[PDB]
Structures are given as structure tokens and as C-alpha cells.
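**Student:** Here it is, the structure, as C-alpha cells.
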Amino acid sequence: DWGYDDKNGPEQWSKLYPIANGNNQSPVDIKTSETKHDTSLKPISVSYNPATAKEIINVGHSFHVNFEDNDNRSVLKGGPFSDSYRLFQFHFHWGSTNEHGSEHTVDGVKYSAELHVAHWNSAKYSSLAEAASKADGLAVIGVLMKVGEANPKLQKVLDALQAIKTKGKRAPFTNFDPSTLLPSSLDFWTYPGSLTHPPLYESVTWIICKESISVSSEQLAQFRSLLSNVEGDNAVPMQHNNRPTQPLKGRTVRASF
Ligand SMILES: NS(=O)(=O)c1cccc(NC(=O)NCCNCc2ccccc2F)c1
Ligand SMILES: [Zn+2]
């Protein structure tokens, strides 16, 4: 049973999941003097249908907002992709304090949290379960979250947490378009990487936005007040769930800009 504490955390994951020391692990530090601009990269295009929003779930180490993924109502196209990728989830990562909650870093700078909007390749594969382990199976947009002014676009998400306070609780989460959470510019970096927690499959093409979005100290406190225990047990707040950055191992981060 993996987690983020000192006994089951990132630094121990390789014992149960050897891919943790792999050649395509995420997150990474994006060193902008080493990025290579690629004129062949097309703009990112997202088109999400709010009716695909389904459920919010406390998964112990985090919470997930899941989407109906039976058709192409909600898709990501463009960027480095020739295939259409189907939205299935978004979630966040955060840290113990405002100093350090993002997963990716830019030129060594740590942000306070990070938004992940995840998709799977429905042109090539028949389901998320099939796609999750394929090199070209997943596409995840990462948005760095900079502590500052309260972000009103987060309101529905934050308001839902009181119903899923403890591990395993879940609730309907409907009529929501998560492209409202993205920054106004979709200039991006892209690199081949992995899931940032077990099973850590090297199946993710990452799309990291250049522009950050805001989040307030108090909104971050709402994340950290989620509980990792089941109802009735001693309360254990979800204090952090970000993985340290991992070596590029010769990978190239491409810039759309
Ligand atoms: N931090 S991340 O690398 O952007 C990222 C992105 C998409 C999903 C997750 N986590 C998550 O799905 N947990 C449920 C675990 N069983 C479902 C499952 C298993 C393997 C792959 C995907 C998947 F959905 C994390
Ligand atoms: Zn994530």
C-alpha cells in the first residue's frame, strides 16, 4: 500500500514498482534554456461537454473528479497529437505548505499546487484500462497553480469536498466543464513521461502550460483538510501528495512557443 508518508512514499515506491527508476518518469524540472522550440507543434484544442462530468471521489491520497468516457463528447486535440484523446478525470496535487506543492517545476521554481486534466487515446484503444499502459495511451495537461488571489473558477470543486471528507466517500459531480480551469494562454511544453504515482506507467504525453493559474492560501487549506482515513477512524489530513521531480535521462522538453 503506497502513499506519500516517509515509509510508503515516493522514495520507497521503487521497491514495489521498479519503473520508478525508469527513463521516462514524471514530474520533471523544465529548464527553459534547454527546451527546444518545435514549429511542428500545433495549438492545443480542448472541447469538453459539461454533461460528461460524473462523480467526485476521495481516493485516500487525493480526490478525483471523473467523467463519462463512453464517446467523444469531451476531447483534447492538437499539440503534438494526431489522435483525439478523450477526457476522463481531473485532480490536483498540493504540498505541506505554500512553498512546495506542484509536481512539475520550471527553472527550479516550485509552485503551490498543480492541476492535472487527464485523457486517453480513444483513436487507438478501446478503454482507459487498455490505454493506461501504452506509451501513447494517455495525455495529461498540467497547470501550475501559484498562490495569490482566490480563484473563483475552483468554487464548485471546493464546495463539493464537504461531502467526500473521508476515504472512499463519493458523490455526484455534474454539469461542469473543466476547460474553465485552464489559463487563458495555452502555450505549452511537452515531453514523454509517466503517471506521477503508482503504477507509474510510462504512458503519458505531458502538456505543461506556460501560464499559471491562481489559488489562495485558504483554498489550498481546503485541499489539506481532506482526510485520508475512513469515517470513524482518527482523522489524518491529506497534507501533501506531490512527487519530487525526476531525471530527464536524455529526454527533450519541446516548447510550443
Ligand atoms: N498524477 S497523473 O500522473 O496526472 C494521473 C493521471 C490520471 C490518473 C491518475 N490516477 C488514477 O487514475 N488513480 C486511480 C488508479 N486506477 C486507475 C488508473 C490506473 C492506471 C492508469 C490510469 C488510471 F486511471 C493520475
Ligand atoms: Zn496527477
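Identifiers in the C-alpha cells: chain A, B, ... in order shown; residue index from 1 per chain; ligand index from 1 in order shown.
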Ligand 1: which residues are within 7 Å, counting only C-alpha atoms and all ligand atoms, as a PyMOL selection string?

**Tutor:** chain A and resi 89+116-118+128+132-133+140+194-197+199

**Student:** Taking 3 positions as the minimum chain separation for residues in the same chain, which residues sit within 7 Å of residue 110 in chain A when counting only C-alpha atoms? Answer as a count of residues only.

**Tutor:** 4

**Student:** From the DSSP assignment of the backbone, select every residue of range 1-197 of chain A that is helix (DSSP H, G or I), and format the answer as an NGL selection string.

**Tutor:** :A and (13-16 or 18-21 or 32-34 or 50-52 or 128-131 or 152-163 or 178-181)

**Student:** Using the selection just defined, write its residues with C-alpha atoms as a PDB file, in the first residue's frame.

**Tutor:**
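Written file, part34.pdb:
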```
ATOM      1  CA  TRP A  13       7.949   3.314  -4.466  1.00  0.00           C
ATOM      2  CA  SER A  14      10.763   1.661  -6.451  1.00  0.00           C
ATOM      3  CA  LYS A  15      10.720  -1.339  -4.084  1.00  0.00           C
ATOM      4  CA  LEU A  16       7.194  -2.293  -5.192  1.00  0.00           C
ATOM      5  CA  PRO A  18      10.777  -0.699 -10.231  1.00  0.00           C
ATOM      6  CA  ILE A  19       9.631   1.538 -13.097  1.00  0.00           C
ATOM      7  CA  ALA A  20      10.025   4.388 -10.586  1.00  0.00           C
ATOM      8  CA  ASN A  21      13.708   4.473 -11.603  1.00  0.00           C
ATOM      9  CA  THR A  32      13.862  26.713 -20.179  1.00  0.00           C
ATOM     10  CA  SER A  33      17.355  27.287 -21.575  1.00  0.00           C
ATOM     11  CA  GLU A  34      17.330  23.619 -22.632  1.00  0.00           C
ATOM     12  CA  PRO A  50     -20.262  19.759 -19.175  1.00  0.00           C
ATOM     13  CA  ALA A  51     -22.731  16.864 -19.284  1.00  0.00           C
ATOM     14  CA  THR A  52     -19.824  14.371 -19.128  1.00  0.00           C
ATOM     15  CA  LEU A 128      -8.877   3.628 -20.302  1.00  0.00           C
ATOM     16  CA  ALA A 129      -7.838   0.258 -18.863  1.00  0.00           C
ATOM     17  CA  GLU A 130      -6.257  -0.751 -22.187  1.00  0.00           C
ATOM     18  CA  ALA A 131      -4.712   2.683 -22.856  1.00  0.00           C
ATOM     19  CA  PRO A 152     -13.422  31.669  -8.295  1.00  0.00           C
ATOM     20  CA  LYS A 153     -13.337  29.006 -11.015  1.00  0.00           C
ATOM     21  CA  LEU A 154     -12.448  26.473  -8.299  1.00  0.00           C
ATOM     22  CA  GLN A 155     -15.707  27.126  -6.422  1.00  0.00           C
ATOM     23  CA  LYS A 156     -17.789  24.096  -7.443  1.00  0.00           C
ATOM     24  CA  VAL A 157     -14.879  21.748  -6.705  1.00  0.00           C
ATOM     25  CA  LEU A 158     -14.164  23.278  -3.294  1.00  0.00           C
ATOM     26  CA  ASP A 159     -17.859  23.287  -2.393  1.00  0.00           C
ATOM     27  CA  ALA A 160     -18.071  19.549  -3.119  1.00  0.00           C
ATOM     28  CA  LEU A 161     -15.370  18.444  -0.682  1.00  0.00           C
ATOM     29  CA  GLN A 162     -17.570  18.614   2.444  1.00  0.00           C
ATOM     30  CA  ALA A 163     -19.497  15.621   1.061  1.00  0.00           C
ATOM     31  CA  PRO A 178     -13.019  21.771 -16.648  1.00  0.00           C
ATOM     32  CA  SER A 179     -11.628  23.853 -19.520  1.00  0.00           C
ATOM     33  CA  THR A 180     -12.843  26.750 -17.326  1.00  0.00           C
ATOM     34  CA  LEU A 181      -9.893  25.937 -15.043  1.00  0.00           C
TER      35      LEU A 181
END
```

**Student:** DSSP on the backbone: which residues in range 29-163 of chain A end up as strand (DSSP E)? Give the answer as a compact mmCIF listing (two decimals) with N, CA, C and O atoms, in the first residue's frame.

**Tutor:**
```
# COMPACT_ATOMS: atom_id res chain seq x y z
N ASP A 29 11.77 18.82 -13.79
CA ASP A 29 12.08 20.25 -13.80
C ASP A 29 12.29 20.68 -15.25
O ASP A 29 13.14 20.12 -15.95
N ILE A 30 11.51 21.65 -15.70
CA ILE A 30 11.65 22.19 -17.05
C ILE A 30 12.67 23.32 -17.00
O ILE A 30 12.40 24.39 -16.46
N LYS A 36 13.51 22.95 -26.51
CA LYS A 36 13.70 23.11 -27.94
C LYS A 36 12.35 23.45 -28.57
O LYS A 36 11.40 22.68 -28.46
N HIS A 37 12.28 24.63 -29.19
CA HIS A 37 11.06 25.05 -29.85
C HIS A 37 10.80 24.20 -31.08
O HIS A 37 11.70 23.94 -31.88
N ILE A 44 -2.98 23.55 -28.82
CA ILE A 44 -3.85 22.66 -28.07
C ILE A 44 -5.29 23.09 -28.27
O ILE A 44 -5.62 24.28 -28.16
N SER A 45 -6.16 22.12 -28.54
CA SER A 45 -7.59 22.34 -28.67
C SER A 45 -8.32 21.43 -27.69
O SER A 45 -8.19 20.21 -27.77
N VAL A 46 -9.06 22.03 -26.76
CA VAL A 46 -9.93 21.27 -25.86
C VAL A 46 -11.38 21.65 -26.14
O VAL A 46 -11.70 22.82 -26.37
N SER A 47 -12.25 20.65 -26.10
CA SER A 47 -13.68 20.85 -26.31
C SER A 47 -14.38 19.86 -25.40
O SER A 47 -14.49 18.68 -25.73
N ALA A 53 -19.42 15.37 -16.91
CA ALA A 53 -19.00 15.31 -15.52
C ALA A 53 -19.86 14.31 -14.75
O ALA A 53 -21.08 14.30 -14.89
N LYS A 54 -19.22 13.47 -13.93
CA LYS A 54 -19.91 12.34 -13.31
C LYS A 54 -19.83 12.34 -11.79
O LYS A 54 -20.88 12.41 -11.13
N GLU A 55 -18.64 12.26 -11.20
CA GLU A 55 -18.52 11.89 -9.80
C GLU A 55 -17.24 12.49 -9.23
O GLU A 55 -16.25 12.64 -9.95
N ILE A 56 -17.28 12.84 -7.95
CA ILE A 56 -16.09 13.22 -7.20
C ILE A 56 -15.86 12.18 -6.11
O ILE A 56 -16.81 11.73 -5.45
N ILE A 57 -14.61 11.77 -5.93
CA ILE A 57 -14.30 10.62 -5.08
C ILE A 57 -13.08 10.94 -4.24
O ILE A 57 -12.07 11.44 -4.75
N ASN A 58 -13.15 10.61 -2.95
CA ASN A 58 -11.99 10.68 -2.07
C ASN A 58 -11.25 9.35 -2.22
O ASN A 58 -11.78 8.29 -1.85
N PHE A 63 -8.27 13.49 -4.22
CA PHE A 63 -9.63 13.32 -4.70
C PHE A 63 -9.61 13.46 -6.21
O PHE A 63 -8.78 14.18 -6.78
N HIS A 64 -10.54 12.76 -6.86
CA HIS A 64 -10.65 12.72 -8.31
C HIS A 64 -12.03 13.18 -8.74
O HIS A 64 -13.03 12.87 -8.08
N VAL A 65 -12.09 13.91 -9.84
CA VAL A 65 -13.36 14.23 -10.50
C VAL A 65 -13.38 13.46 -11.81
O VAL A 65 -12.56 13.72 -12.70
N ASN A 66 -14.31 12.52 -11.94
CA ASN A 66 -14.32 11.62 -13.08
C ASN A 66 -15.42 11.99 -14.06
O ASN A 66 -16.45 12.56 -13.68
N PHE A 67 -15.20 11.62 -15.31
CA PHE A 67 -16.08 11.97 -16.41
C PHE A 67 -16.53 10.72 -17.15
O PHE A 67 -15.76 9.76 -17.28
N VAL A 75 -13.07 16.04 -25.61
CA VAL A 75 -11.85 15.58 -26.26
C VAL A 75 -10.77 16.66 -26.26
O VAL A 75 -11.05 17.86 -26.22
N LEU A 76 -9.52 16.20 -26.31
CA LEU A 76 -8.34 17.03 -26.50
C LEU A 76 -7.72 16.67 -27.85
O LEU A 76 -7.57 15.49 -28.17
N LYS A 77 -7.36 17.70 -28.63
CA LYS A 77 -6.73 17.50 -29.93
C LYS A 77 -5.61 18.51 -30.09
O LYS A 77 -5.45 19.43 -29.28
N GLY A 78 -4.82 18.34 -31.15
CA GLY A 78 -3.77 19.30 -31.46
C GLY A 78 -2.47 19.05 -30.74
O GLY A 78 -2.16 17.91 -30.38
N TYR A 85 -7.87 12.55 -28.01
CA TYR A 85 -7.80 11.95 -26.68
C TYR A 85 -9.03 12.33 -25.89
O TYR A 85 -9.46 13.48 -25.90
N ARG A 86 -9.59 11.36 -25.17
CA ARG A 86 -10.88 11.51 -24.51
C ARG A 86 -10.69 11.82 -23.03
O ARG A 86 -10.01 11.08 -22.32
N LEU A 87 -11.31 12.92 -22.58
CA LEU A 87 -11.25 13.32 -21.17
C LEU A 87 -11.79 12.22 -20.27
O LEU A 87 -12.86 11.66 -20.53
N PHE A 88 -11.08 11.95 -19.17
CA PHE A 88 -11.68 11.07 -18.18
C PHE A 88 -11.56 11.52 -16.73
O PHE A 88 -12.30 11.00 -15.89
N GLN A 89 -10.69 12.47 -16.39
CA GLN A 89 -10.54 12.82 -14.99
C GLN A 89 -9.82 14.16 -14.89
O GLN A 89 -9.05 14.49 -15.78
N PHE A 90 -10.07 14.90 -13.80
CA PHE A 90 -9.09 15.88 -13.36
C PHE A 90 -8.93 15.78 -11.85
O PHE A 90 -9.80 15.27 -11.14
N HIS A 91 -7.78 16.23 -11.38
CA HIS A 91 -7.45 16.21 -9.96
C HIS A 91 -6.33 17.21 -9.74
O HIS A 91 -5.85 17.85 -10.68
N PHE A 92 -5.92 17.35 -8.48
CA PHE A 92 -4.89 18.31 -8.11
C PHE A 92 -3.81 17.59 -7.32
O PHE A 92 -4.03 16.50 -6.79
N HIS A 93 -2.64 18.22 -7.26
CA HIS A 93 -1.62 17.90 -6.27
C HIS A 93 -1.30 19.15 -5.47
O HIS A 93 -1.40 20.27 -5.98
N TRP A 94 -0.94 18.95 -4.20
CA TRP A 94 -0.57 20.06 -3.33
C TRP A 94 0.48 19.58 -2.33
O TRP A 94 0.80 18.39 -2.25
N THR A 105 8.26 21.53 -11.94
CA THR A 105 8.86 22.81 -11.61
C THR A 105 9.41 23.43 -12.89
O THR A 105 9.67 22.73 -13.87
N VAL A 106 9.54 24.75 -12.88
CA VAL A 106 10.06 25.48 -14.04
C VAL A 106 11.29 26.25 -13.58
O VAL A 106 11.17 27.15 -12.74
N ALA A 113 0.57 24.33 -6.03
CA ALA A 113 -0.27 23.18 -6.37
C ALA A 113 -0.17 22.96 -7.87
O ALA A 113 0.49 23.72 -8.58
N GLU A 114 -0.86 21.94 -8.35
CA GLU A 114 -0.85 21.64 -9.78
C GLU A 114 -2.14 20.93 -10.14
O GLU A 114 -2.62 20.06 -9.40
N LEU A 115 -2.73 21.33 -11.27
CA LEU A 115 -3.95 20.75 -11.80
C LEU A 115 -3.56 19.78 -12.91
O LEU A 115 -2.71 20.10 -13.74
N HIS A 116 -4.17 18.59 -12.90
CA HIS A 116 -3.94 17.57 -13.93
C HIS A 116 -5.28 17.24 -14.58
O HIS A 116 -6.22 16.84 -13.89
N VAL A 117 -5.35 17.42 -15.90
CA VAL A 117 -6.53 17.08 -16.69
C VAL A 117 -6.12 15.94 -17.62
O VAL A 117 -5.28 16.11 -18.52
N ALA A 118 -6.71 14.76 -17.41
CA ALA A 118 -6.19 13.53 -18.00
C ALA A 118 -7.14 12.99 -19.06
O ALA A 118 -8.36 13.06 -18.91
N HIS A 119 -6.56 12.43 -20.13
CA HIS A 119 -7.27 11.94 -21.30
C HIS A 119 -6.65 10.63 -21.75
O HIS A 119 -5.48 10.35 -21.45
N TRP A 120 -7.41 9.82 -22.49
CA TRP A 120 -6.87 8.58 -23.02
C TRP A 120 -7.14 8.46 -24.51
O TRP A 120 -8.10 9.03 -25.04
N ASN A 121 -6.26 7.74 -25.19
CA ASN A 121 -6.23 7.70 -26.66
C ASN A 121 -7.35 6.78 -27.14
O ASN A 121 -7.17 5.57 -27.22
N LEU A 138 -1.97 7.87 -22.83
CA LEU A 138 -2.53 8.95 -22.02
C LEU A 138 -1.95 10.30 -22.43
O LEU A 138 -0.81 10.40 -22.88
N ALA A 139 -2.77 11.34 -22.24
CA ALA A 139 -2.37 12.73 -22.43
C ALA A 139 -2.88 13.50 -21.22
O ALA A 139 -4.07 13.42 -20.89
N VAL A 140 -1.98 14.20 -20.53
CA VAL A 140 -2.35 14.95 -19.32
C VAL A 140 -1.87 16.38 -19.47
O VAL A 140 -0.69 16.63 -19.78
N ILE A 141 -2.78 17.33 -19.27
CA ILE A 141 -2.44 18.74 -19.19
C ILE A 141 -2.10 19.04 -17.74
O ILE A 141 -2.89 18.72 -16.83
N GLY A 142 -0.93 19.63 -17.51
CA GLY A 142 -0.55 20.12 -16.19
C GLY A 142 -0.60 21.64 -16.17
O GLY A 142 -0.07 22.29 -17.08
N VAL A 143 -1.23 22.19 -15.13
CA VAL A 143 -1.30 23.64 -14.93
C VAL A 143 -0.71 23.94 -13.56
O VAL A 143 -1.22 23.46 -12.54
N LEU A 144 0.35 24.74 -13.54
CA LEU A 144 0.96 25.16 -12.29
C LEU A 144 0.06 26.17 -11.59
O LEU A 144 -0.51 27.06 -12.24
N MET A 145 -0.11 26.01 -10.28
CA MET A 145 -1.00 26.87 -9.50
C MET A 145 -0.18 27.72 -8.55
O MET A 145 0.51 27.19 -7.68
N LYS A 146 -0.23 29.04 -8.75
CA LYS A 146 0.58 29.99 -7.99
C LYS A 146 -0.27 30.61 -6.89
O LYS A 146 -1.32 31.19 -7.17
N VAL A 147 0.21 30.52 -5.65
CA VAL A 147 -0.55 31.06 -4.53
C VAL A 147 -0.65 32.58 -4.67
O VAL A 147 0.31 33.25 -5.03
```

**Student:** Tell me, in Å to one decimal, how far CA of residue 25 in chain A is from CA of residue 193 in chain A.

**Tutor:** 5.2 Å

**Student:** Could you list, with a cut-off of 10 Å and counting only C-alpha atoms, the residues of range 72-91 of chain A near range 203-226 of chain A, each shown with its nearest atom pair and the distance in Å rounded to one decimal, rows sorted by chain and ascending number, as JSON lines?

**Tutor:**
```
{"residue": "A:79", "atom": "CA", "partner": "A:207", "partner_atom": "CA", "distance": 8.2}
{"residue": "A:80", "atom": "CA", "partner": "A:205", "partner_atom": "CA", "distance": 8.7}
{"residue": "A:81", "atom": "CA", "partner": "A:205", "partner_atom": "CA", "distance": 9.1}
```

**Student:** For the selection you just gave me, I'd like the residues written to a file as a PDB file, in the first residue's frame, keeping N, CA, C and O atoms.

**Tutor:**
```pdb
ATOM      1  N   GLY A  79      -1.693  20.100 -30.498  1.00  0.00           N
ATOM      2  CA  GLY A  79      -0.414  19.945 -29.851  1.00  0.00           C
ATOM      3  C   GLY A  79       0.472  18.987 -30.619  1.00  0.00           C
ATOM      4  O   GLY A  79       0.618  19.089 -31.840  1.00  0.00           O
ATOM      5  N   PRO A  80       1.061  18.018 -29.924  1.00  0.00           N
ATOM      6  CA  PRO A  80       1.887  17.008 -30.596  1.00  0.00           C
ATOM      7  C   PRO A  80       1.112  15.814 -31.126  1.00  0.00           C
ATOM      8  O   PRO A  80       1.730  14.907 -31.695  1.00  0.00           O
ATOM      9  N   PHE A  81      -0.208  15.800 -30.965  1.00  0.00           N
ATOM     10  CA  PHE A  81      -1.026  14.623 -31.221  1.00  0.00           C
ATOM     11  C   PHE A  81      -1.637  14.648 -32.615  1.00  0.00           C
ATOM     12  O   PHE A  81      -2.051  15.698 -33.114  1.00  0.00           O
TER      13      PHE A  81
END
```

**Student:** Which residues are near residue 35 in chain A? Cut-off 8 Å, only C-alpha atoms, ignore same chain within fewer than 4 positions. Put them as a PyMOL selection string.

**Tutor:** chain A and resi 30-31+252-255

**Student:** Suppose we keep N, CA and C atoms; can you now write the selection as a PDB file, in the first residue's frame?

**Tutor:**
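Written out: out-v4.pdb:
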```
ATOM      1  N   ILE A  30      11.507  21.651 -15.699  1.00  0.00           N
ATOM      2  CA  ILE A  30      11.648  22.188 -17.047  1.00  0.00           C
ATOM      3  C   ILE A  30      12.671  23.315 -16.997  1.00  0.00           C
ATOM      4  N   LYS A  31      13.853  23.057 -17.550  1.00  0.00           N
ATOM      5  CA  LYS A  31      14.903  24.065 -17.675  1.00  0.00           C
ATOM      6  C   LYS A  31      14.722  24.776 -19.011  1.00  0.00           C
ATOM      7  N   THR A 252      13.965  15.286 -24.263  1.00  0.00           N
ATOM      8  CA  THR A 252      13.895  16.678 -24.689  1.00  0.00           C
ATOM      9  C   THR A 252      12.513  17.236 -24.384  1.00  0.00           C
ATOM     10  N   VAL A 253      12.471  18.374 -23.701  1.00  0.00           N
ATOM     11  CA  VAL A 253      11.223  19.094 -23.490  1.00  0.00           C
ATOM     12  C   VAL A 253      11.052  20.063 -24.646  1.00  0.00           C
ATOM     13  N   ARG A 254       9.983  19.896 -25.411  1.00  0.00           N
ATOM     14  CA  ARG A 254       9.701  20.785 -26.524  1.00  0.00           C
ATOM     15  C   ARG A 254       8.798  21.921 -26.072  1.00  0.00           C
ATOM     16  N   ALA A 255       8.996  23.087 -26.677  1.00  0.00           N
ATOM     17  CA  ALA A 255       8.186  24.264 -26.398  1.00  0.00           C
ATOM     18  C   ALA A 255       7.333  24.593 -27.610  1.00  0.00           C
TER      19      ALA A 255
END
```

**Student:** Go through A:60, A:237, A:148, A:27 and flag the residue nearest residue 168 in chain A, using only C-alpha atoms for the distances.

**Tutor:** A:60

**Student:** Take CA of residue 38 in chain A and CA of residue 185 in chain A and report the distance between them in Å, one decimal.

**Tutor:**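 Interatomic distance, CA of residue 38 in chain A to CA of residue 185 in chain A: 17.4 Å.
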
**Student:** Please indicate the distance in Å from CA of residue 240 in chain A to CA of residue 227 in chain A, rounded to one decimal place.

**Tutor:** 11.2 Å
